[PDB]
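S.K.: Chains as they are written, first to last, in our numbering: chain A, 481 to 608; chain B, 806 to 902; chain C, 909 to 991.
Ideal placement from N, C-alpha and C gives every residue a C-beta, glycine not left out.
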Amino acid sequence: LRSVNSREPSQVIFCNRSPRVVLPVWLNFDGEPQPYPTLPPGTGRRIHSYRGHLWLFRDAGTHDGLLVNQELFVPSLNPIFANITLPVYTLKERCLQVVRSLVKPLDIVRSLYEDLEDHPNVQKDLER
Amino acid sequence: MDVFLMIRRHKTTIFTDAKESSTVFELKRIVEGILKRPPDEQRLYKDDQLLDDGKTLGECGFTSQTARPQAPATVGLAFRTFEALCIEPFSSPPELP
Amino acid sequence: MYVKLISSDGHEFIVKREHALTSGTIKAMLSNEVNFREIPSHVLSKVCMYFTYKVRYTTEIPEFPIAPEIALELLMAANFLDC
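Right, dumping it as structure tokens:
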């Protein structure tokens, strides 16, 4: 997974249709994730990228996974609209989310202690 | 527009949707398909307010934007002489750790 | 076509078959009432709300709300049912 160094510019608008502070993540030419500055919820940002580049986005406080035009966004030839939405999380993950966010890293099974500690991670999702 | 409702009575709670254009009486028809009781033995409420068979759910304040999938509006159900409106509350959560 | 999901405290939640079948656990417990000995009604109403929310949105999606006091229990419920 790496941006394709096309040098063909590509005009993109980062539209934030989620109640989360979005963190855009560009996958540079070696596949490493590069963090761009964040979009408050409901705010947009016209941005300059290139055909064949690799973008993903996360909640920027918890790294929860968001959708862009419903997982990986590649600017194609022209501007282009990257619509960043909440996914329909599982009920389990959604509860992991709420719990995570109210307790610093309790009365639940041992298998759930691990789930709560298996934070969403960008390096993690990438291998997938 | 679809409205999402919990229809509630005693310890019974149906989750269903209807159109905002559809009628109280038409909702009573839905109850009949489920709880097998004909509409004339049914009364429908929005809070304490008896609802009229002819009025639309929207008129009655069940709007697509208030009656939501993840947060559905409540419609009181009374059976029949007619009982009073009774809805048993849900259990109460423990205290926060 | 509907099913009855009964909570630990007697409350009887009647929801469309297809909504309940989302849960793989419930599909087994139907193969049509299902009794939930460890799930109280304030947890099982949320589960039912989640079914509707999940079926409608699977535009822009809204956050599924979860109050703090019900968060732990709902987590166990979600964990058991896999929903």
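(1) What three-state label does DSSP hand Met806 of chain B in the structure shown?
(2) Please check if any C-beta of chain A sits within less than 7 Å of the C-beta of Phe972 of chain C.
(3) With distances taken between CB atoms, is the gap from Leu536 of chain A to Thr565 of chain A smaller than 7 Å?
(4) Using a Cβ-Cβ distance cut-off of 7 Å, determine whether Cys575 of chain A contacts chain C.
(5) Counting only the same chain and skipping the five closest in sequence on each side, list residues whose C-beta sits under 6 Å from that of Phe553 of chain A.
(6) Any C-beta of chain B sitting closer than 7 Å to the C-beta of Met957 of chain C?
(7) Name the chain C residues that come within less than 8 Å of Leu856 of chain B, Cβ to Cβ?
(8) Which residues bound the alpha helix (DSSP H) around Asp539 of chain A?
(9) Based on the DSSP output, what are the partners of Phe884 of chain B in its beta bridges?
(10) I'd like the ranges of any beta strand (DSSP E) spanning at least 3 consecutive residues and lying wholly in the segment 509 to 571 of chain A.
(11) Which same chain residues end up closer than 7 Å to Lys962 of chain C when comparing Cβ atoms and leaving out the 5 residues on each side of it in sequence?
(12) What's the gap between the Cα of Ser897 of chain B and the Cα of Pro521 of chain A?
M.R.: This is what the structure holds:
(1) Locating residue 806 of chain B in the second sequence gives position 1, counting from the first residue. Reduced to three states, the DSSP call for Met806 of chain B is coil.
(2) Here residue 972 of chain C refers to the residue found at position 64 of the third sequence. Answer yes: the Cβ-Cβ gap between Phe972 of chain C and chain A drops below 7 Å somewhere.
(3) By 1-based counting over the first sequence, the position of residue 536 of chain A is 56. By 1-based counting over the first sequence, the position of residue 565 of chain A is 85. Cβ distance not < 7 Å, so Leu536 of chain A and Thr565 of chain A don't count as in contact.
(4) The sequence position of residue 575 of chain A within the first sequence is 95, counting from 1. At least one chain C Cβ lies under 7 Å of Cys575 of chain A.
(5) Here residue 553 of chain A refers to the residue found at position 73 of the first sequence. Correct list, in chain order: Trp535 and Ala562.
(6) Taking the first residue of the third sequence as 1, we reach residue 957 of chain C at position 49. It does; some Cβ of chain B falls within 7 Å.
(7) Translated into the one-based positions of the second sequence, residue 856 of chain B becomes position 51. Result: empty, since nearest Cβ-Cβ is about 20 Å, beyond 8 Å.
(8) As a first step, residue 539 of chain A must be located in the first sequence, where it is residue number 59. Note, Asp539 of chain A: premise wrong, no alpha helix (DSSP H); beta strand (DSSP E) at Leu534 to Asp539.
(9) Start at 1 with the first residue of the second sequence, and residue 884 of chain B comes out as number 79. Partner(s): B:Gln847.
(10) 513 to 515, 524 to 530, 534 to 539 and 560 to 565
(11) Working through the third sequence from its first residue, we reach residue 962 of chain C at position 54. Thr930, listed in sequence order.
(12) Here residue 897 of chain B refers to the residue found at position 92 when the second sequence is read from its first residue. Here residue 521 of chain A refers to the residue found at position 41 when the first sequence is read from its first residue. Distance between the alpha carbons of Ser897 of chain B and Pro521 of chain A is about 33 Å.
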